[PDB]
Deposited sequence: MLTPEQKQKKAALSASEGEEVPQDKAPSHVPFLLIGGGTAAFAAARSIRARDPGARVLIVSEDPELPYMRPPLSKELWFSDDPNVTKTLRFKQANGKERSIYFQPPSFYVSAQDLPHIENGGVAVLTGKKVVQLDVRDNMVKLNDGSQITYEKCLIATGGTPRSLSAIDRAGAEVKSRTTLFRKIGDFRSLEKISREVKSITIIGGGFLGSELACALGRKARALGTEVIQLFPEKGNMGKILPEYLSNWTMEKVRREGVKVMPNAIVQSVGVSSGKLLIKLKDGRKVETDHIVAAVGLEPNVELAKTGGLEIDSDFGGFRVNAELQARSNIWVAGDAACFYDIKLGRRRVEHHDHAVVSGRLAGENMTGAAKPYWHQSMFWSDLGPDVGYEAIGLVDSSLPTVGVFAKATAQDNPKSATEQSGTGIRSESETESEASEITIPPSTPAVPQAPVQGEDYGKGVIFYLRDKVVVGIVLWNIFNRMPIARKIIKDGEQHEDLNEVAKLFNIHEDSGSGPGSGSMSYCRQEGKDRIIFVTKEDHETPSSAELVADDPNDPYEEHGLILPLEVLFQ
């Protein structure tokens, strides 16, 4: 039972909303914050759904939804125990405030002038400050939408706890699973499913239009190296694949590609991008970004007076890097926190950069920051003992580093932040790479230029010489 009025209203019960709620409470100890969540589940982190929860030793991981971190500490996907929240009944009156989550309730109408929303059940809530943190909904393929009810019921869109539970069940009861999508989600699920299938010898297929996995973010040579790694996890990878039609044939899904090839499979998992949830822009009169999608907000994540946007749904202005829309866990954290600080009057711009990460089997793990885009010219520095095992990849624009990928090297994000912040025009990025110490614990080094991409292979002796890189202090 929601209150008629609440000081802080958070639309969406995901990662960005929770971070904003924690941030608001940290700056305003008496704050009373209401999260309106369409989802019946309380706020939870999503990255475990495509990684750690598939690799748990526990047979009941599907019910406990607990996973063990790299440090060995078991954790819950939920951000907080249910007890840490207060009920919506008590939110207006409980001493020193708190955070309540109204679950199973969708905001369907937004009035920015009168600072009011309406829920799917007719309730109306007025607010003083409002955060839109609606995230996005998985996109679908046109060929899937034309295939009818049978195919659509055998096609999974992966995002929620429920999606993990249903796919985990299917993985134990079918013989072939086909993943459509080459990005981080399609690739992470392929490695997880591929690893589950090694025991029973079942089939796992991944197909996508690009030349290789992660083709939109990684340079072509590293995308190819990565594809071979995914293939080595027991996955049949089909690059250069454009789905022309899908149908059911003799109890089995049959995918037809423009190439002419054909795939027969028992279940499809479609990981082909995200659609920002901008339905409230119509009633609210809020602007949507035509180039990036999502609500257009400024550097402070503000859309209009008393209304902010954070997370996957927010197209914001980065003072250093330009207008962006970022769909990553740590961004939802950073943006939700920034929005909460600004809802309490901080008026701070996006400055501390968000990062992201992925793991594609045991041989591929990276962190990244900034404009990681494979269309940009790049300089990649890899350790020489072609093996792309450990290294750092710089993404350039106007001779300036605007994005960095840390390839199988960890705890280097501090250095990567400084490089992005300073914005220097470096004459030799091999000198900058020395700061990352990619050989921690005798032939000559060499380099190669493959179109827009430079590839430097550096030995320990050369890499651990003094660096002339310019750092701003």
{"query": "Where the deposited sequence has no C-alpha coordinates (positions from 1, in order)", "finding": "1-24, 410-455, 512-518, 551-571"}
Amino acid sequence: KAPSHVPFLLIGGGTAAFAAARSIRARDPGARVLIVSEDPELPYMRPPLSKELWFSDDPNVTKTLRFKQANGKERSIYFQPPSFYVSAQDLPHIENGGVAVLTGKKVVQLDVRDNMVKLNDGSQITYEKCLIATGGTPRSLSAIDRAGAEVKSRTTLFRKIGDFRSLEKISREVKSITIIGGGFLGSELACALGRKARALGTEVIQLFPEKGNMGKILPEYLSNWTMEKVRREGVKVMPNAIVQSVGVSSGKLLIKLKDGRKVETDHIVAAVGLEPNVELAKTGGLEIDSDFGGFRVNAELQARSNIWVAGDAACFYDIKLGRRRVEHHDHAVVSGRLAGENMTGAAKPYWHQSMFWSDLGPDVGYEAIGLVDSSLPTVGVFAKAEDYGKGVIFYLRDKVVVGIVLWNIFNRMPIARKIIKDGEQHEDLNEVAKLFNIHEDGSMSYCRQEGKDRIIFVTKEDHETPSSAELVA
From here on, numbers count along this sequence of modelled residues.
| item | value |
| --- | --- |
| Cross-entry absence of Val61, a third or more of other PDB entries | no |
| At least a third of the other entries leave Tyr221 unmodelled | no |
| Mean temperature factor over C-alpha atoms, higher-scoring stretch between 54-62 and 420-428 | 54-62 |
| Between the two ranges 42-50 and 442-450, the one averaging a larger CA B factor in the entry | 442-450 |
| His352, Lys252, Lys390, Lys129, ranked by C-alpha B-factor: the highest one | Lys252 |
| Out of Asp121, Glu300, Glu210, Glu287, highest CA B-factor residue | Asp121 |
| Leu110 by Cα B-factor - lowest, middle or highest third of the modelled chain | middle |
| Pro82 - which third its CA temperature factor falls in, relative to the rest of the chain | middle |
| Where the record places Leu321 (Cα B-factor, split into thirds across the chain) | lowest |
| CA B-factor placement of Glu279, once the chain's modelled residues are sorted into thirds | middle |
| Cα B factor band for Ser335 (lowest, middle or highest third within the chain) | lowest |
